[PDB]
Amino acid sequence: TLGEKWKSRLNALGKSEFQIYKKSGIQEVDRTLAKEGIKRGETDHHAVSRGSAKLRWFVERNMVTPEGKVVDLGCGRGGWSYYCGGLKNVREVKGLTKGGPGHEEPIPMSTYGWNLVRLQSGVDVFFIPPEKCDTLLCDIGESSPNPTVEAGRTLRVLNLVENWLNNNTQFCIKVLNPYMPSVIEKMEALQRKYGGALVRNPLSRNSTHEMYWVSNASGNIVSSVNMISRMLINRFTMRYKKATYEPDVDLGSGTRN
């Protein structure tokens, strides 16, 4: 497929060439100071990761309207959870991850609405009973040189999420590899059953073909992905181009009643 061609080409790049391509013409969050602040123990204002700004991109465009009880599957440090904790119609946020050595452990913060957020690692979302929620978030998906490996991992995530959804469910779910036939088929059925569409976030690096399945979006799946495969391929042709930066998000401080 067109995406697989992109994948072959990506795997043939040298080290230096990869790092450059990875950032060419993408959008980037200015994280220097937020990171230095967290390192000094600062728990107010800062986003634990660039995932906050990433999720904000979708939310400010109403592609996902987090509300009620939010479940963040694979929350990592908590970037997505903490951001939702400060959102108007959100009442509760539950984030889950593996954590442990060689894995991202959630960081305790005092950002706005932190008291509405509960994080816990040592949990493998794939084998715990599904819970009820109003919005389901999931940013799971480890990339690999081999697209068939990504296809399976992706299909696992899609089936995992299919269990946590009902209808009225707001959702933003990462789809690591959306171009492999197997994943495309699944997405067509899921779209057919739960709506929404796939969207490319300008903050995603060129090194990944990741797209997110957002509930409040529309668009033909096959058409979605290809449009993006062509983009990523075109970006290979770029010379001496870097990312455009933007200020990170300020998450406030304070509790919510």
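In case it trips you up, residue 1 is the first one in the sequence shown, and so on.
Averaged over their C-alpha atoms, the temperature factors of 217 to 225 and 197 to 205 are higher for 217 to 225. Stretch comparison (13 to 21 versus 245 to 253) by mean CA B-factor in the PDB entry places 13 to 21 on top. Reading the B-factor column for the CA atoms of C84, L176, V183, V71 in the entry, the top value corresponds to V183. For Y112, the recorded CA temperature factor ranks within the middle third of the chain's modelled residues. Sort the modelled residues of the chain by CA B factor and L165 lands in the highest third. Looking at the C-alpha B-factors along this chain, the one for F171 belongs to the middle third.
Annotation for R31: C-alpha temperature factor in the lowest third relative to the rest of the modelled chain, per the entry. Annotation for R192: C-alpha temperature factor in the highest third relative to the rest of the modelled chain, per the entry.
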